[PDB]
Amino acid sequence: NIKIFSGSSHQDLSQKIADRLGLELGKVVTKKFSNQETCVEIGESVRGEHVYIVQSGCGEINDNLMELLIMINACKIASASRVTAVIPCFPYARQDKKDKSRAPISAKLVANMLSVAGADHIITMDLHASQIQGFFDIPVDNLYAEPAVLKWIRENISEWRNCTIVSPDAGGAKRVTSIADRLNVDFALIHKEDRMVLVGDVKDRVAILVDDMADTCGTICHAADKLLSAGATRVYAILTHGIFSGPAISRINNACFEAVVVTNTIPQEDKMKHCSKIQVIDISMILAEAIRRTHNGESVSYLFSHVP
């Protein structure tokens, strides 16, 4: 039937997913040389089977990517009937346009590599730009964390009915307006010009900074100040993907957030030990559910407006 494999040493999300599906993760024999040259050997037959490979959260993005590509390749030439890549946080997603530079569109290159490696289907969560689906010719299911975020908001913020959803940048409006309209509240936008400007009403309201991902957190931390200076009562930040590299964890601990909420598309345990503002939404059920439905020719649309 279905076989789930995990990208690498991070079984953490893949193990949660396989559990929810009533499955054990398939056997994979890994060997890493010094140059980090990745070795893989699929430890069981996948001949004739529909395979799902869940990319690791091991950290080193180029290592994780190659490993995934290599396992996809190994499964394909081992006669897997189909191979689906489950990539909760899509690598190089922020590199999806030229922006008036002689820049690679590396998210396209990544889509191309996944295709030539032999992927038949992609399942991801909150593509940084939804245009990235168009970077492929194979089907992509781009799951939303929105239902889970709206639920977390209604359950953890007393004042959600009078709050303002804030975008930390110009290109995040659509996302926050969509959330503001669902909750039926206000929205506001920050724009960095080196000075931030705020448009929209946050005074004496709870402010919720919503974004797809936080990396170094320079931006969100500064946005929280700005929001407080403009009269917000308190500030939350909710990111789908919690990268938190560099001084993020330090920037967060010193920042005036009530809480910083992220999904577990990227593993957060280590990060949480050193940062108590962080709360995690488990998205394994959504991913597990999408895999389940996909395999069964069932509908996945359900998951865009609802949490399993």
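Numbers follow the displayed sequence, beginning with 1.
Should the segment between residue 193 and residue 194 be described as having none, 1 to 3, 4 to 9, or 10 or more unmodelled residues of the deposited sequence?
-> Per the record, 4 to 9 deposited residues are absent between residue 193 and residue 194.
Where do the C-alpha atoms have the higher mean temperature factor in this entry, in 52 to 60 or in 278 to 286?
-> According to the entry, 52 to 60 carries the higher average C-alpha B-factor.
What stretch has the higher average Cα B-factor here, 33 to 41 or 256 to 264?
-> The stretch with the larger mean CA B-factor is 33 to 41.
Candidate set 142, 219, 164, 167 [ranked by C-alpha B-factor, highest] | Each of 142, 219, 164, 167 was compared by C-alpha B-factor; the highest is 219.
Would you mind checking which of 134, 172, 88, 104 has the top Cα temperature factor in the PDB entry?
-> The record points to 104.
Chain-relative CA temperature factor third for residue 230 | Middle third by C-alpha B-factor.
B-factor third for the C-alpha atom of residue 214 within its chain = According to the entry, residue 214 has a C-alpha B-factor in the chain's highest third.
Residue 155 - Cα temperature factor, lowest/middle/highest third of chain | Middle third - that is where residue 155 ends up once the chain's C-alpha B-factors are sorted.
What third of the chain, by the recorded C-alpha B-factor, contains residue 239?
-> Middle third.
Give the position of residue 27 by CA B-factor within its chain, expressed as the lowest, middle or highest third.
-> According to the entry, residue 27 has a C-alpha B-factor in the chain's middle third.
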